[PDB]
Structure formats: structure tokens, C-alpha cells
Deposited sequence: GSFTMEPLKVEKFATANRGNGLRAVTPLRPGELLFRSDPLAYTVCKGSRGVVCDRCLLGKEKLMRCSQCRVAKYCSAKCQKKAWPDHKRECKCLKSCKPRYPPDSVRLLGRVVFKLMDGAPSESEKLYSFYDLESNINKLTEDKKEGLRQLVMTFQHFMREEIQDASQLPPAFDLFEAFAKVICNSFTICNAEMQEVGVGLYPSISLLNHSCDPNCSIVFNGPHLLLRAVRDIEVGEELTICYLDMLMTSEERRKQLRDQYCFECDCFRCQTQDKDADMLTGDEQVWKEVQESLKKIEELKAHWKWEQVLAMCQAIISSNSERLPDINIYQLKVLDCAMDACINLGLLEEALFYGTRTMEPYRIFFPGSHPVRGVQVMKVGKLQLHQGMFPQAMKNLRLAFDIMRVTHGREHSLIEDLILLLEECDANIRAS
């Protein structure tokens, strides 16, 4: 009995709406990908199959796919068999979108009908072809030729593609339907297509949220929702100004956002507090920090972050979004490096900015608060840790739910912390 249904919206194409009233935290849909792959930065760092970090065993046929276990290498083999011959035939490694579309084609040609397409299929996806600028068309033509080069060993002619399959159109669909898969710690680790979930239109203040548990996607309501009300998710990172959202929503998704937040530049001024010269430099440095982070080089991430957070030169308020991103990278680097006191220093500083920039129930705040409460618990700060773990649970019961394994870990921390308070 589905609680959601496809419908034709007035000015946003197809959408998803509530069949019945929905309450915060209600599970609305869950889905494996139609196709997914590890991202360029996480390649060789996380398992190709389960998307969990580490050493990894390489496929000896292609030496590109890496796995956490024999179970994962063997289980991945059917969906890897055909791309394996392509990865071997090409030291060149394809763009993520090309490896993704390869797996789309193989799944559609060789796999049983996918539950991921239950409400909406890859064939159905929006392409926005009549909104593409010439520069985007040129980029898509390059992706098509990259695909044809990469796949030459396994796809020679059109009989090896789905009926009336057009590669240009397929990449156009990929551009505006790609989901950024994040691990439990909210690190981007992959990209996937989830065609049923692709029905959800975007809002900068959405009433639903998606969370990933490995490649598996949970869709949950994060607000009360009335019968027939349209379901929305935020396609974008919350730590973005309306100008940045405008550029991404145009470039990637070919639409102009009419929401209250965009009409009022909601929070932009707070996000850009501090000295423009300083945060412009921090924004520029974040390109390298995030690239270093995408490749899990935590020591180099921390060094760059410390040079900003404890700079001898002018500094930024923690509510400035570029400063805040630097604090988050520093916290995660310290966690992965075992520098738990320093991790807590940075994490605690993010708490009030996160409260402001992740209103309501957002999985990124839930995870962040959980990390801080876990750090406080390990340092013996039981009453402080309990408050944060309870807050993390209030959020993550809505954004993650019992179906997400991270909720089980949080429950164990709550139980450990409460036992400590009771023994105190």
C-alpha cells in the first residue's frame, strides 16, 4: 500500500504527492539503485559494492574495481562482468557519469526489471533537452563519445542498447537525475540513479529527506504533509547561498527556483558574515580541502584546515559557511585520525551554526550532533553527551528511522551514556 503517487504537476513536470496524510519520520519509499558507482575520489578507498571504507582487494581482471570482502567481490560480479572488459581495455578511467550509464545499459539489457523503476523508469526520466544551452550540448556530445570509446568492447551497435535508446538523451537524463550517495558519516562516496525517487521535485525548504545506507536509499517525511501535497527533497547541500543554489539549479537541473528562501535570499547574509577577502580565499582553499577529503587524505585535510582555523591572519565567524565547511572537514579529519579532543573542539563549534542552517530535521545535522555526542561520551562528559545523543536521536528518528543501521549505533551510545549517568 503505497503512501505516495506519481502525478503531473502544473509547472514542474511530473512529481510525487502524498496519498494519505504523512507525519515526520514516516517511511515513504525505499530503493536500491537502478545503477550506481563509486565516485572518482572514493575509488580504491571504499568498496565498489557496499560503499564502505577499507585495505581493499582489486579485481585481477581489470584492477579498477576494489572490494571490502570476497562476498562483495563475488556479489558484484554480475553487475561488473561487462564493465570489467571495458575498464581493462581502456590507464584511462571514465567520468563517473560514463561508468554510471554503462551500468545503466547493462542492467537494462541483462537484468530483470528493477524494483527501482516501480513508479518511474529510466525511459521516463526528464531530459530537459529543450532547455540545454549549446555549451551543455557540447559537453553531452563529449560524454557520448567518451561512452562509445569506453564501452567499445561490449557495445558495438544499437542492438546492444535498449530499443530506441539514445546516448545523448540518456546523458541528458543523467545530468538532472543523479543522486549523490553518502556514507553513514555523510561523506560523498558514490553516484546512483533511483528512477522512482527521481519523481521528487526540489525545494530549498523540503518536506521530505533521503538518506543512504550503503547504496540503499530511504525516503522519509520530515514534516507533516497533507493528502495530495507535493513531496519535495532538497537536491543541494544546505551550506549554499541563494546565488550558489541558482547557479547549480540552472546548470544541472535547468530550472529557476521560486521558493520563499530564494525570493528572500533567506540566510544569505548570515552565511557570508566576516571579511569578504578572507572568505573568498577560504572558499578557494576549500576546493583543495574537499578534493583531498574526497580522496580520504585526512592528514593533509587537517593541515590545510588548521592553517585557516588557527590562521595568524584574519579569521572568520563560525557561522560563515566557508569557515563552517572548514570546521567540518577538520572535525572529520580529526575523527578519522583519532585526534578526539581536537575533533570535539571543532565539532562543538559547528553545533550552533548547524542548528541555524539545518532547520527542522535534517540528516546532516542529526549525524553531526551524534558525532559530537559520541565524542563527549568518550571523554566522560555524560550529561553533555546525553543531551546531544538525545537530540541526535530526536532528529535521526525522523531522518534515518529504524530501517537505517546508524540508528542502531546511536541507540547503543544512548544506552552506554545512560548507564554511565545512572552509575554516577
Deposited sequence positions missing from the model - stretches, numbered from 1, in order: 1-6, 61, 98
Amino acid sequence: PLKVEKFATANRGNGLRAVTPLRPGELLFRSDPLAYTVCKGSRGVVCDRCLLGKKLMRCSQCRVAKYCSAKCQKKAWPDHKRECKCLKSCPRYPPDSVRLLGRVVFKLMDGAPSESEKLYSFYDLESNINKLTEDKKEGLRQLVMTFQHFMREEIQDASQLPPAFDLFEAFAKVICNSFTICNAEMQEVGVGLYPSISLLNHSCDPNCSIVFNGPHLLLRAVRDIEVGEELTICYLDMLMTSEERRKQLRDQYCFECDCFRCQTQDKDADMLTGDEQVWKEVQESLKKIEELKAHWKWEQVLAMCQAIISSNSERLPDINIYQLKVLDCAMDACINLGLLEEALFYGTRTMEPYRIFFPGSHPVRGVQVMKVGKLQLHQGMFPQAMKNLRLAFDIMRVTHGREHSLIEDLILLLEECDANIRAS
From here on, numbers count along this sequence of modelled residues.
Stretch exceeding the other in mean C-alpha B-factor - 313-321, 80-88: 80-88
Per the entry, higher mean C-alpha B factor between 69-77 and 268-276: 69-77
Top residue by Cα temperature factor, when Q376, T37, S60, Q368 are compared in the entry: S60
Identity of residue with top Cα B-factor, from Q142, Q160, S198, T241: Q160
Relative C-alpha B-factor of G15, binned into the chain's lowest, middle or highest third: lowest
Position of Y253 among the chain's modelled residues by C-alpha B-factor, lowest, middle or highest third: lowest
Third of chain Cα B-factors occupied by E134: middle
CA B-factor placement of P94, once the chain's modelled residues are sorted into thirds: highest
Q156 CA temperature factor, ranked by third within the chain: highest
